[PDB]
$ cat input06.txt   # compact mmCIF, N, CA and C atoms and all ligand atoms
# COMPACT_ATOMS: atom_id res chain seq x y z
N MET A 1 146.37 -24.64 -40.91
CA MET A 1 145.04 -25.25 -40.80
C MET A 1 145.08 -26.46 -39.86
N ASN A 2 143.91 -26.80 -39.31
CA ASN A 2 143.82 -27.79 -38.25
C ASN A 2 143.25 -29.10 -38.76
N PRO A 3 143.88 -30.21 -38.42
CA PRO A 3 143.27 -31.51 -38.64
C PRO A 3 142.23 -31.77 -37.57
N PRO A 4 141.41 -32.80 -37.72
CA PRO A 4 140.56 -33.21 -36.61
C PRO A 4 141.42 -33.58 -35.41
N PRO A 5 140.94 -33.33 -34.21
CA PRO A 5 141.71 -33.68 -33.01
C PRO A 5 141.75 -35.19 -32.83
N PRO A 6 142.65 -35.70 -32.00
CA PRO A 6 142.73 -37.15 -31.80
C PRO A 6 141.43 -37.68 -31.22
N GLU A 7 141.08 -38.92 -31.58
CA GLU A 7 139.86 -39.53 -31.06
C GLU A 7 139.94 -39.65 -29.53
N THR A 8 138.79 -39.50 -28.88
CA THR A 8 138.68 -39.79 -27.46
C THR A 8 137.74 -40.95 -27.17
N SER A 9 137.18 -41.56 -28.21
CA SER A 9 136.39 -42.77 -28.14
C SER A 9 136.63 -43.53 -29.43
N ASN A 10 136.48 -44.84 -29.38
CA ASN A 10 136.58 -45.64 -30.59
C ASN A 10 135.87 -46.95 -30.29
N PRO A 11 134.71 -47.20 -30.89
CA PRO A 11 133.94 -48.39 -30.53
C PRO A 11 134.58 -49.70 -30.94
N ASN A 12 135.55 -49.71 -31.85
CA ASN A 12 136.26 -50.94 -32.16
C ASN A 12 137.24 -51.32 -31.07
N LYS A 13 137.73 -50.37 -30.34
CA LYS A 13 138.80 -50.55 -29.36
C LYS A 13 138.20 -50.96 -28.02
N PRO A 14 138.71 -52.00 -27.35
CA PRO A 14 138.13 -52.37 -26.05
C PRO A 14 138.54 -51.39 -24.97
N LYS A 15 137.68 -51.24 -23.98
CA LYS A 15 137.88 -50.29 -22.90
C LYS A 15 138.37 -51.03 -21.67
N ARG A 16 138.99 -50.29 -20.75
CA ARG A 16 139.34 -50.94 -19.49
C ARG A 16 139.50 -49.88 -18.43
N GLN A 17 139.27 -50.29 -17.19
CA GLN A 17 139.60 -49.50 -16.02
C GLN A 17 140.53 -50.33 -15.15
N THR A 18 141.59 -49.70 -14.66
CA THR A 18 142.52 -50.34 -13.74
C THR A 18 142.85 -49.35 -12.64
N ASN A 19 143.42 -49.85 -11.55
CA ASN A 19 143.86 -48.97 -10.47
C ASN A 19 144.88 -47.95 -10.98
N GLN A 20 145.80 -48.39 -11.84
CA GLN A 20 146.80 -47.49 -12.37
C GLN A 20 146.18 -46.42 -13.27
N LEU A 21 145.20 -46.79 -14.10
CA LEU A 21 144.55 -45.78 -14.94
C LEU A 21 143.76 -44.79 -14.10
N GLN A 22 143.10 -45.26 -13.04
CA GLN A 22 142.39 -44.33 -12.15
C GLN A 22 143.36 -43.33 -11.56
N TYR A 23 144.54 -43.82 -11.14
CA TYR A 23 145.58 -42.98 -10.58
C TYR A 23 146.10 -41.98 -11.61
N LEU A 24 146.25 -42.42 -12.85
CA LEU A 24 146.74 -41.51 -13.89
C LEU A 24 145.80 -40.34 -14.09
N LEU A 25 144.50 -40.54 -13.90
CA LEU A 25 143.57 -39.42 -14.01
C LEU A 25 143.55 -38.59 -12.74
N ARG A 26 143.30 -39.24 -11.60
CA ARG A 26 142.97 -38.53 -10.38
C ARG A 26 144.18 -37.81 -9.81
N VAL A 27 145.36 -38.40 -9.92
CA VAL A 27 146.57 -37.80 -9.38
C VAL A 27 147.49 -37.26 -10.47
N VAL A 28 147.87 -38.08 -11.45
CA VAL A 28 148.91 -37.62 -12.37
C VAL A 28 148.40 -36.49 -13.25
N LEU A 29 147.34 -36.74 -14.01
CA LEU A 29 146.83 -35.72 -14.92
C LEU A 29 146.34 -34.52 -14.14
N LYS A 30 145.56 -34.75 -13.09
CA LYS A 30 144.92 -33.62 -12.43
C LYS A 30 145.93 -32.76 -11.69
N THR A 31 147.07 -33.33 -11.27
CA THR A 31 148.13 -32.52 -10.67
C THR A 31 148.91 -31.75 -11.73
N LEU A 32 149.36 -32.41 -12.80
CA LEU A 32 150.03 -31.70 -13.90
C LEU A 32 149.17 -30.57 -14.43
N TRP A 33 147.86 -30.79 -14.49
CA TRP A 33 146.95 -29.80 -15.05
C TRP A 33 147.04 -28.47 -14.32
N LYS A 34 147.35 -28.49 -13.01
CA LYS A 34 147.41 -27.28 -12.19
C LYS A 34 148.76 -26.59 -12.23
N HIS A 35 149.77 -27.22 -12.81
CA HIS A 35 151.09 -26.62 -12.89
C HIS A 35 151.03 -25.33 -13.70
N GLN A 36 151.87 -24.38 -13.31
CA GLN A 36 151.87 -23.08 -13.97
C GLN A 36 152.19 -23.18 -15.45
N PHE A 37 152.89 -24.23 -15.89
CA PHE A 37 153.27 -24.40 -17.28
C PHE A 37 152.33 -25.37 -18.02
N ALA A 38 151.17 -25.70 -17.45
CA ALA A 38 150.27 -26.66 -18.09
C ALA A 38 149.53 -26.08 -19.28
N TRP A 39 149.26 -24.77 -19.29
CA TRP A 39 148.31 -24.22 -20.26
C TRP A 39 148.57 -24.52 -21.73
N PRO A 40 149.81 -24.56 -22.25
CA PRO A 40 149.97 -24.86 -23.68
C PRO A 40 149.56 -26.27 -24.03
N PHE A 41 149.41 -27.12 -23.02
CA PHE A 41 149.23 -28.55 -23.21
C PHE A 41 147.84 -29.04 -22.82
N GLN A 42 146.93 -28.14 -22.49
CA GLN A 42 145.61 -28.51 -21.99
C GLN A 42 144.61 -28.77 -23.10
N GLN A 43 144.98 -28.56 -24.36
CA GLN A 43 144.08 -28.75 -25.48
C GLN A 43 144.92 -29.03 -26.71
N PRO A 44 144.34 -29.64 -27.74
CA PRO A 44 145.07 -29.81 -29.00
C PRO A 44 145.60 -28.47 -29.50
N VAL A 45 146.79 -28.50 -30.11
CA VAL A 45 147.33 -27.29 -30.74
C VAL A 45 146.36 -26.76 -31.79
N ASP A 46 145.98 -25.50 -31.66
CA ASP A 46 145.16 -24.84 -32.67
C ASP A 46 146.14 -24.04 -33.51
N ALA A 47 146.48 -24.58 -34.68
CA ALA A 47 147.52 -23.98 -35.51
C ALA A 47 147.11 -22.61 -36.01
N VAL A 48 145.81 -22.37 -36.20
CA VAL A 48 145.36 -21.04 -36.61
C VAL A 48 145.42 -20.06 -35.45
N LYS A 49 144.80 -20.42 -34.33
CA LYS A 49 144.81 -19.57 -33.14
C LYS A 49 146.23 -19.18 -32.76
N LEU A 50 147.11 -20.18 -32.63
CA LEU A 50 148.47 -19.94 -32.14
C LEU A 50 149.43 -19.47 -33.22
N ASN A 51 148.95 -19.24 -34.44
CA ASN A 51 149.80 -18.81 -35.56
C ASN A 51 151.01 -19.72 -35.72
N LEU A 52 150.74 -21.03 -35.77
CA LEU A 52 151.73 -22.06 -36.02
C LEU A 52 151.29 -22.84 -37.25
N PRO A 53 151.28 -22.21 -38.42
CA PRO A 53 150.67 -22.85 -39.59
C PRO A 53 151.38 -24.11 -40.01
N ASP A 54 152.61 -24.33 -39.55
CA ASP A 54 153.33 -25.54 -39.91
C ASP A 54 153.27 -26.62 -38.84
N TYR A 55 152.50 -26.42 -37.78
CA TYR A 55 152.55 -27.36 -36.67
C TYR A 55 152.26 -28.78 -37.14
N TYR A 56 151.15 -28.97 -37.85
CA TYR A 56 150.75 -30.30 -38.30
C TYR A 56 151.42 -30.71 -39.60
N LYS A 57 152.18 -29.80 -40.21
CA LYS A 57 153.10 -30.21 -41.26
C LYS A 57 154.27 -30.99 -40.68
N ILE A 58 154.62 -30.74 -39.43
CA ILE A 58 155.75 -31.39 -38.78
C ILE A 58 155.30 -32.50 -37.82
N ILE A 59 154.28 -32.25 -37.02
CA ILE A 59 153.83 -33.18 -35.99
C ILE A 59 152.69 -34.04 -36.54
N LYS A 60 152.94 -35.35 -36.69
CA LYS A 60 151.97 -36.23 -37.30
C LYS A 60 151.27 -37.12 -36.30
N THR A 61 151.71 -37.12 -35.05
CA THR A 61 151.02 -37.85 -33.98
C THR A 61 150.76 -36.88 -32.84
N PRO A 62 149.88 -35.89 -33.04
CA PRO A 62 149.67 -34.90 -31.98
C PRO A 62 149.03 -35.53 -30.75
N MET A 63 149.35 -34.96 -29.59
CA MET A 63 148.72 -35.40 -28.35
C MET A 63 148.80 -34.26 -27.35
N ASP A 64 147.83 -34.21 -26.44
CA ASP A 64 147.72 -33.12 -25.48
C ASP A 64 146.97 -33.65 -24.26
N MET A 65 147.06 -32.92 -23.15
CA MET A 65 146.43 -33.39 -21.92
C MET A 65 144.92 -33.31 -21.93
N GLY A 66 144.32 -32.43 -22.74
CA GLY A 66 142.87 -32.42 -22.85
C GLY A 66 142.38 -33.72 -23.46
N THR A 67 143.04 -34.15 -24.52
CA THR A 67 142.74 -35.45 -25.12
C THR A 67 142.97 -36.59 -24.14
N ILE A 68 144.09 -36.55 -23.41
CA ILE A 68 144.39 -37.63 -22.48
C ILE A 68 143.33 -37.67 -21.38
N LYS A 69 142.98 -36.52 -20.84
CA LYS A 69 141.95 -36.46 -19.80
C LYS A 69 140.65 -37.10 -20.28
N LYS A 70 140.22 -36.75 -21.50
CA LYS A 70 138.98 -37.29 -22.04
C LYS A 70 139.09 -38.79 -22.26
N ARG A 71 140.23 -39.25 -22.76
CA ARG A 71 140.46 -40.68 -22.91
C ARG A 71 140.33 -41.39 -21.56
N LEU A 72 140.98 -40.87 -20.53
CA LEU A 72 140.86 -41.48 -19.21
C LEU A 72 139.42 -41.46 -18.70
N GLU A 73 138.72 -40.34 -18.87
CA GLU A 73 137.33 -40.25 -18.43
C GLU A 73 136.44 -41.25 -19.15
N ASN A 74 136.78 -41.57 -20.39
CA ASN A 74 135.99 -42.47 -21.22
C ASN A 74 136.43 -43.93 -21.12
N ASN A 75 137.45 -44.24 -20.32
CA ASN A 75 138.04 -45.58 -20.23
C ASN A 75 138.54 -46.08 -21.57
N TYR A 76 139.10 -45.15 -22.35
CA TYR A 76 139.54 -45.43 -23.71
C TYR A 76 140.75 -46.37 -23.73
N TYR A 77 141.60 -46.30 -22.72
CA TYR A 77 142.85 -47.04 -22.70
C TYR A 77 142.66 -48.45 -22.18
N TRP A 78 143.50 -49.36 -22.67
CA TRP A 78 143.55 -50.71 -22.09
C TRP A 78 144.40 -50.75 -20.83
N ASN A 79 145.48 -49.97 -20.78
CA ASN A 79 146.35 -50.03 -19.61
C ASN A 79 147.08 -48.72 -19.41
N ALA A 80 147.72 -48.61 -18.24
CA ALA A 80 148.46 -47.41 -17.89
C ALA A 80 149.57 -47.13 -18.88
N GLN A 81 150.26 -48.17 -19.36
CA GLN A 81 151.35 -47.96 -20.29
C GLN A 81 150.87 -47.21 -21.53
N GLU A 82 149.67 -47.53 -22.01
CA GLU A 82 149.15 -46.85 -23.18
C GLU A 82 148.96 -45.36 -22.90
N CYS A 83 148.47 -45.03 -21.71
CA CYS A 83 148.28 -43.64 -21.34
C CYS A 83 149.61 -42.93 -21.17
N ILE A 84 150.56 -43.57 -20.50
CA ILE A 84 151.89 -43.02 -20.34
C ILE A 84 152.52 -42.74 -21.71
N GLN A 85 152.29 -43.61 -22.69
CA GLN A 85 152.82 -43.36 -24.03
C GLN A 85 152.25 -42.08 -24.63
N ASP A 86 150.97 -41.80 -24.36
CA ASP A 86 150.39 -40.55 -24.85
C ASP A 86 151.06 -39.33 -24.21
N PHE A 87 151.31 -39.36 -22.90
CA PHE A 87 152.07 -38.28 -22.28
C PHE A 87 153.43 -38.13 -22.94
N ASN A 88 154.12 -39.23 -23.17
CA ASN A 88 155.45 -39.17 -23.75
C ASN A 88 155.42 -38.63 -25.17
N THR A 89 154.41 -39.01 -25.95
CA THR A 89 154.23 -38.42 -27.28
C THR A 89 154.04 -36.91 -27.18
N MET A 90 153.20 -36.46 -26.24
CA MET A 90 152.98 -35.03 -26.05
C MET A 90 154.29 -34.29 -25.80
N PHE A 91 155.10 -34.78 -24.85
CA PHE A 91 156.36 -34.11 -24.55
C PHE A 91 157.28 -34.13 -25.77
N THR A 92 157.45 -35.31 -26.38
CA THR A 92 158.39 -35.42 -27.49
C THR A 92 157.96 -34.56 -28.67
N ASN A 93 156.65 -34.42 -28.91
CA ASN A 93 156.18 -33.52 -29.95
C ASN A 93 156.67 -32.10 -29.71
N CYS A 94 156.62 -31.64 -28.46
CA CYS A 94 157.08 -30.31 -28.14
C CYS A 94 158.57 -30.15 -28.44
N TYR A 95 159.37 -31.16 -28.08
CA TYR A 95 160.80 -31.12 -28.35
C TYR A 95 161.07 -31.18 -29.85
N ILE A 96 160.28 -31.96 -30.59
CA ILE A 96 160.49 -32.08 -32.03
C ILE A 96 160.17 -30.76 -32.73
N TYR A 97 159.01 -30.18 -32.42
CA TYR A 97 158.55 -28.98 -33.11
C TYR A 97 159.42 -27.76 -32.79
N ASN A 98 159.97 -27.67 -31.58
CA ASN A 98 160.67 -26.47 -31.16
C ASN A 98 162.19 -26.70 -31.15
N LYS A 99 162.91 -25.87 -30.42
CA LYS A 99 164.35 -26.05 -30.31
C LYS A 99 164.76 -26.02 -28.85
N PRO A 100 165.90 -26.63 -28.50
CA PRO A 100 166.35 -26.58 -27.11
C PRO A 100 166.48 -25.15 -26.65
N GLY A 101 166.06 -24.90 -25.42
CA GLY A 101 166.12 -23.60 -24.84
C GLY A 101 164.90 -22.73 -25.07
N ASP A 102 164.03 -23.08 -26.02
CA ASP A 102 162.83 -22.27 -26.24
C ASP A 102 161.98 -22.28 -24.98
N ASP A 103 161.28 -21.17 -24.74
CA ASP A 103 160.44 -21.09 -23.54
C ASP A 103 159.46 -22.25 -23.47
N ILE A 104 158.82 -22.58 -24.60
CA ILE A 104 157.83 -23.66 -24.56
C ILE A 104 158.48 -24.99 -24.20
N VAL A 105 159.73 -25.18 -24.62
CA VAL A 105 160.47 -26.40 -24.29
C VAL A 105 160.81 -26.44 -22.81
N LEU A 106 161.21 -25.30 -22.22
CA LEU A 106 161.44 -25.26 -20.78
C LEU A 106 160.17 -25.62 -20.03
N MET A 107 159.03 -25.21 -20.56
CA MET A 107 157.75 -25.56 -19.95
C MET A 107 157.51 -27.06 -20.01
N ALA A 108 157.63 -27.65 -21.20
CA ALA A 108 157.50 -29.10 -21.34
C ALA A 108 158.48 -29.84 -20.44
N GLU A 109 159.72 -29.38 -20.35
CA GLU A 109 160.72 -30.08 -19.54
C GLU A 109 160.32 -30.10 -18.06
N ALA A 110 159.78 -29.00 -17.55
CA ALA A 110 159.34 -28.97 -16.16
C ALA A 110 158.15 -29.90 -15.95
N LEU A 111 157.23 -29.94 -16.90
CA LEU A 111 156.09 -30.84 -16.78
C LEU A 111 156.54 -32.28 -16.86
N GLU A 112 157.48 -32.59 -17.76
CA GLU A 112 157.93 -33.97 -17.90
C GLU A 112 158.61 -34.47 -16.63
N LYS A 113 159.43 -33.64 -16.00
CA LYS A 113 160.03 -34.06 -14.74
C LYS A 113 158.97 -34.35 -13.69
N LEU A 114 157.96 -33.48 -13.58
CA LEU A 114 156.88 -33.71 -12.63
C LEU A 114 156.13 -34.99 -12.96
N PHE A 115 155.85 -35.21 -14.25
CA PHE A 115 155.19 -36.43 -14.68
C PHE A 115 156.01 -37.66 -14.28
N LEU A 116 157.31 -37.65 -14.56
CA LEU A 116 158.15 -38.78 -14.17
C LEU A 116 158.12 -39.01 -12.67
N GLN A 117 158.18 -37.93 -11.88
CA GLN A 117 158.08 -38.07 -10.42
C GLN A 117 156.81 -38.82 -10.04
N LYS A 118 155.69 -38.46 -10.66
CA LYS A 118 154.41 -39.00 -10.24
C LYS A 118 154.21 -40.43 -10.69
N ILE A 119 154.81 -40.84 -11.81
CA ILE A 119 154.67 -42.22 -12.24
C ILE A 119 155.80 -43.10 -11.76
N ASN A 120 156.75 -42.54 -11.01
CA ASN A 120 157.82 -43.34 -10.44
C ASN A 120 157.26 -44.51 -9.65
N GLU A 121 156.17 -44.28 -8.91
CA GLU A 121 155.48 -45.32 -8.16
C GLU A 121 154.00 -45.24 -8.51
N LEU A 122 153.46 -46.34 -9.02
CA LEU A 122 152.06 -46.44 -9.33
C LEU A 122 151.41 -47.43 -8.38
N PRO A 123 150.10 -47.31 -8.13
CA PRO A 123 149.41 -48.35 -7.37
C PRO A 123 149.58 -49.72 -8.01
N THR A 124 149.43 -50.74 -7.17
CA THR A 124 149.40 -52.12 -7.63
C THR A 124 147.97 -52.55 -7.91
N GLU A 125 147.83 -53.69 -8.59
CA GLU A 125 146.53 -54.31 -8.80
C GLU A 125 145.96 -54.81 -7.48
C1 LIG A 201 155.68 -18.49 -28.54
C2 LIG A 201 156.10 -19.24 -29.77
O1 LIG A 201 156.54 -18.66 -30.75
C3 LIG A 201 155.98 -20.74 -29.75
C4 LIG A 201 157.00 -21.67 -30.33
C5 LIG A 201 158.29 -21.28 -31.01
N1 LIG A 201 156.56 -22.94 -30.13
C6 LIG A 201 155.37 -22.94 -29.49
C7 LIG A 201 154.74 -24.28 -29.18
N2 LIG A 201 155.31 -25.34 -29.78
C8 LIG A 201 154.62 -26.40 -29.34
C9 LIG A 201 154.74 -27.72 -29.62
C10 LIG A 201 153.86 -28.59 -29.03
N3 LIG A 201 154.08 -29.85 -29.38
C11 LIG A 201 152.85 -28.20 -28.14
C12 LIG A 201 152.69 -26.86 -27.82
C13 LIG A 201 153.59 -25.98 -28.39
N4 LIG A 201 153.71 -24.61 -28.36
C14 LIG A 201 154.88 -21.57 -29.17
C15 LIG A 201 153.64 -21.11 -28.50
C16 LIG A 201 152.70 -20.41 -29.26
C17 LIG A 201 151.53 -19.97 -28.66
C18 LIG A 201 151.31 -20.23 -27.31
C19 LIG A 201 152.25 -20.93 -26.56
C20 LIG A 201 153.42 -21.37 -27.16

$ encode --input "input06.txt" --output "C-alpha cells" --more "lines below"
Ligand SMILES: CC(=O)c1c(C)[nH]c(-c2nc3cc(N)ccc3[nH]2)c1-c1ccccc1
Amino acid sequence: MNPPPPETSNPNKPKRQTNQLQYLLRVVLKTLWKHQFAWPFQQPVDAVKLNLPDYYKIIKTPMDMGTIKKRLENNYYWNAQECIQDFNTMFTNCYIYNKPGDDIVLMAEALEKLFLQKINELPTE
C-alpha cells in the first residue's frame, strides 16, 4: 500500500530562487530526466503498481525526480544543497531497498554518476 507522496509545497517553509537552483532544474534535472535509465525515478514508487508491497516498510524517506522537479518548479527549496540532498536520498533509497548488482541498482548507479558530473561545477551567485 502507498503512503501519501512527499510534499511539493509547504506554506510554513520559506521559498527561494537562486542561480544554482535554477541550474538544478534547467540542466541537472532536465538532463537526467532524458537518460535511458530515468524512468523508475520519474515518479514516487507506486508499491501496488510495481508489486513492491514492502517498499515503504523499508524506505521511510522516499524521494524521486518527479517530486524534485515539482519542488524546483515551486521554489520549495531554500538552497541547492537541499535539492542535492533530495537527489542523494533518492539514490541511497534505491541502494538500500535493493542489492548490489540488481538491474535497478545499475540504473541508479549510472544516473548518480551523471548527476555527480553535472553538479561538479555549479553557477556562482
Ligand atoms: C524488477 C524488480 O523486481 C525490482 C527490484 C528488485 N527493485 C526494484 C526497484 N527498487 C527500487 C528502489 C527505489 N528506491 C526506487 C525504484 C526502485 N525500483 C524493481 C522494479 C520494479 C518495477 C519497475 C522497475 C524496477

$ residues_near_ligand --input "input06.txt" --ligand "ligand LIG 201 (chain A)" --cutoff "6.5 Å" --atoms "all atoms listed in the file" --output "PyMOL selection string"
chain A and resi 40-41+45+50-51+90-95+97-98+104

$ atom_distance --input "input06.txt" --atom1 "atom CA of residue 36 of chain A" --atom2 "atom CA of residue 120 of chain A"
21.4 Å

$ atom_distance --input "input06.txt" --atom1 "atom CA of residue 113 of chain A" --atom2 "atom CA of residue 48 of chain A"
29.4 Å

$ select_by_dssp --input "input06.txt" --residues "chain A" --states "helix (DSSP H, G or I)" --output "PyMOL selection string"
chain A and resi 19-34+39-41+55-58+65-73+80-97+103-119

$ atom_distance --input "input06.txt" --atom1 "atom C of residue 121 of chain A" --atom2 "atom CA of residue 20 of chain A"
8.5 Å

$ residues_near_point --input "input06.txt" --point "(142.5, -31.4, -19.9)" --cutoff "5 Å" --atoms "only N, CA and C atoms" --output "PyMOL selection string"
chain A and resi 42+65-66
